[PDB]
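2 protein chains.
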Amino acid sequence: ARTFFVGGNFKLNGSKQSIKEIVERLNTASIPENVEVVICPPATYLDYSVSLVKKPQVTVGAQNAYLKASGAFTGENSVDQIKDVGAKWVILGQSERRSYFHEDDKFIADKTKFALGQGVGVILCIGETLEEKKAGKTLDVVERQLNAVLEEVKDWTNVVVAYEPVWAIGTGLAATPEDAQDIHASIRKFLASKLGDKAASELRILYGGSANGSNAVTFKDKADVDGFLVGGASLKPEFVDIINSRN
Amino acid sequence: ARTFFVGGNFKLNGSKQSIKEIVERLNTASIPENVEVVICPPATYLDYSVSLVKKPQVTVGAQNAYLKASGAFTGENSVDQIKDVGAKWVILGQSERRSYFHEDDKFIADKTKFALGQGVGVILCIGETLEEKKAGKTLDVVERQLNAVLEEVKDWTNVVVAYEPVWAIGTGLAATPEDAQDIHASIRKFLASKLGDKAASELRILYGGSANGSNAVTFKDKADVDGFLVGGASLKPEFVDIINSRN
């Protein structure tokens, strides 16, 4: 049906030694032939991380890039440059970009149609902050985020959606598998009625936010929870345990 | 006296073969000893550029970084990972960053304090738009931008300032050798106000705004123009002509 995807966002972490030891353990882990693993390092180690990977199921992605591949856009990342180096994914739209780094939904929307225009796969994130949660505004916000992408992008084959309760981001208190299933399935029938039942049925919807070694098995029999976006334990050994969580 | 300095801000531009092509031209061309050349590629290509650099004057620097070193800040570059890959400089303030990406002056200041503290040199940019230019806001804008820094950073030994007349950067006109001289000299004495004659006497102010092979020699017997922050011509081969403009 859909393939189980485990994305590992490293974040502003990782040195050449630590990238050596993480992608060394992934080449040594015993994972299913039938699993999709994307490690997303800081751009300063993407080229290195692709030198190091020797397991076919693990491709490498960047964590942010800009919506034009060349020019005077100092400080920025480019899809063409990460692609040259051999990476196949870019995370667009993290709780650590939109809040702090002032990324407006249209900014992510336009960014997401140029990336797919360029061959790369996108990891798109959507998420409500605890007050939007306190006021029963979760779906109302997620649809608002998705709809800006939706007004721009119409083939979402190489798109994955990453739902991140902002209040579960690397706090240690995740959603329960049950709470997460409801919203995932809600996002999918919203995305059925906006894209088709076939495309809504192919799209992967990753849960993100305090996902870790021991709680991944509780999300084991959750149909609309197609994988995981692992931030904090992406740089821990229990990362293979979240990749073998349905194994 | 002040050492000649030539910074090469590549912006969002390059590929492995281009950065290979470019570093080899400097790796073998005639360049004065005691000139200071810093090439600033995209973050993806920083590690490789350092493996490629062989001519000692030439160090690599990153085009932008955050005010923290590790953590939850997706898409950001870290002062330590640039150091890890071996770049010795970070362009900050630079000017773009203020316009499209909205970096306020104090964001820059704090990022300069932390950056120097981390032991990485700062190329610091300053400048006014055509709207502060025709209004006659020029000097009080730069004094505000520099004052912001000045309150945080109280040692300026590994700082080079860059004045990008924003009415020139990528527009394709270089505001004269004469009014350039006068803006640098103005801002050298404002710094001397805030750090004494001593500090100001050794600090470098580089003219940014369209500098190139054909014209870098008309900035030659200009005293306060201590170097250049080349954008576009860094890619091109006249970048070598600009390291020899001052003979």
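So the protein lines, in turn, are chains W and H. When you line the first sequence up against UniProt numbering, it's residues 2 to 248, in that order. When you line the second sequence up against UniProt numbering, it's residues 2 to 248, in that order. Quick reminder that beta carbons are idealized off the backbone N, C-alpha and C, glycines included.
Query raised in the report: How many angstroms separate the CA atom of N159 (chain H) from the CA atom of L196 (chain H)?
Result: 14 angstroms
Query raised in the report: With distances taken from CA atoms, which of W:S246, W:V241, W:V150 and W:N248 is nearest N28 (chain W)?
Result: W:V241
Query raised in the report: Considering only residues of the same chain and omitting the five flanking positions on each side of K190 (chain W), which have a CB-CB separation below 8 angstroms?
Result: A201
Query - Close-in-space but distant-in-sequence residues of the same chain around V59 (chain H) (CB under 7 angstroms, 5 per side omitted) - result: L27, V38 and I40
Query raised in the report: Where does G8 (chain H) fall in DSSP's three states?
Result: strand
Report task. Determine, using beta-carbon pairs with one atom in the stretch 209-223 of chain H and one in the stretch 215-224 of chain W, whether at least three such pairs fall under 8 angstroms. Result -> no
Query raised in the report: Shortest alpha-carbon distance to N148 (chain W) belongs to which of W:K84, W:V162 and W:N65?
Result: W:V162
Query raised in the report: Which whole-angstrom value describes the C-beta separation of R3 (chain H) and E203 (chain H), a residue pair presumed to lie in contact below a C-beta threshold of 8 angstroms?
Result: 6 angstroms
Report task. Determine the DSSP secondary structure at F229 (chain W), reduced to helix, strand or coil. Result -> strand
Report task. Spell out a yes or no on whether the stretch 170-189 of chain H and the stretch 108-117 of chain H are touching, meaning 3 or more CB-CB pairs, one atom from each, closer than 8 angstroms. Result -> no
Query raised in the report: Does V86 (chain H) get closer than 8 angstroms to chain A when you measure Cβ to Cβ?
Result: You won't find chain A in this structure, because its protein chains are W and H.
Report task. For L13 (chain H), name the three-state secondary structure that DSSP assigns. Result -> strand
Query raised in the report: Looking only at its own chain, which residues have a Cβ that is under 8 angstroms from the Cβ of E239 (chain H), when we skip the five neighbours before and after it?
Result: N213, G214 and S215
Report task. Would you tell me roughly how many angstroms separate the C-alpha atoms of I188 (chain W) and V143 (chain W), rounded to the nearest one? Result -> 8 angstroms
Query raised in the report: Which same chain residues, not among the five before or five after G210 (chain H), have their C-beta less than 7 angstroms away from its C-beta?
Result: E165, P166, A169, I170, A175 and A176
Report task. Please go through the same chain and pick out, in chain order, the residues whose beta-carbon is closer than 8 angstroms to the beta-carbon of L53 (chain H), but skip the five residues on each side of it. Result -> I20, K21, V24, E25 and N28
**Report entry** Anticipated Cβ contact below 8 angstroms, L13 (chain H) with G72 (chain W), distance rounded
**Finding:** 5 angstroms
Query raised in the report: Is there a Cβ from chain W that is less than 8 angstroms from the Cβ of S16 (chain H)?
Result: yes
Report task. Determine whether the Cβ of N213 (chain W) lies closer than 8 angstroms to any Cβ atom of chain H. Result -> no
Requested in this report: Using a threshold of 8 angstroms, state whether the C-beta atoms of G8 (chain H) and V231 (chain H) are closer than that.
Outcome: yes
Report task. To the nearest angstrom, report how far apart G173 (chain H) and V36 (chain W) are at their CA atoms. Result -> 51 angstroms
Query - Residue-level contact to chain W via CB, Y208 (chain H), 8 angstroms cutoff - result: no
Query raised in the report: From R145 (chain W) to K138 (chain W), what does the alpha carbon distance come to, in whole angstroms?
Result: 10 angstroms
Query raised in the report: Should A224 (chain W) go down as buried or exposed, given a rule of 16 or more other Cβ atoms within 10 Å for buried?
Result: exposed
Query raised in the report: Expressed to the nearest angstrom, what Euclidean distance is found between the alpha-carbon atoms of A234 (chain H) and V226 (chain W)?
Result: 50 angstroms
**Report entry** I83 (chain H), DSSP secondary structure in three states
**Finding:** helix
Query - Continuous beta strand (DSSP E) stretch holding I170 (chain H): start and end - result: Per DSSP, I170 (chain H) belongs to no beta strand (DSSP E) and is neither H nor E.
Query raised in the report: Alpha carbon to alpha carbon, what distance is there between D81 (chain W) and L236 (chain H)?
Result: 17 angstroms
Query raised in the report: Is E129 (chain H) buried or exposed, if buried means 16 or more other CB atoms sit within 10 Å of its CB?
Result: buried
Query raised in the report: How many whole angstroms separate the CB atoms of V51 (chain W) and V86 (chain W), which I take to be in contact at a CB cut-off of 8 angstroms?
Result: 6 angstroms
Query - Residues bridged to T60 (chain W) [DSSP beta-bridge criterion] - result: W:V39
Query raised in the report: Can you tell me where the beta strand (DSSP E) with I92 (chain H) in it begins and where it stops?
Result: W90 to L93
Requested in this report: Taking only beta-carbon positions, decide if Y49 (chain W) is within less than 8 angstroms of chain H.
Outcome: yes
Query raised in the report: How close, in whole Å, do the beta carbons of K135 (chain H) and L68 (chain H) come, if the pair is a contact with beta carbons under 8 angstroms?
Result: Rounded, the Cβ-Cβ distance is 33 angstroms, inconsistent with contact.
Report task. Just the chain W side, please: which residues come within less than 8 angstroms of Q119 (chain H) by C-beta, in chain order? Result -> Neighbours of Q119 (chain H) on chain W: none; closest Cβ ~13 angstroms, over 8 angstroms.
Report task. Would you identify the three-state DSSP class for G210 (chain H), choosing helix, strand or coil? Result -> coil
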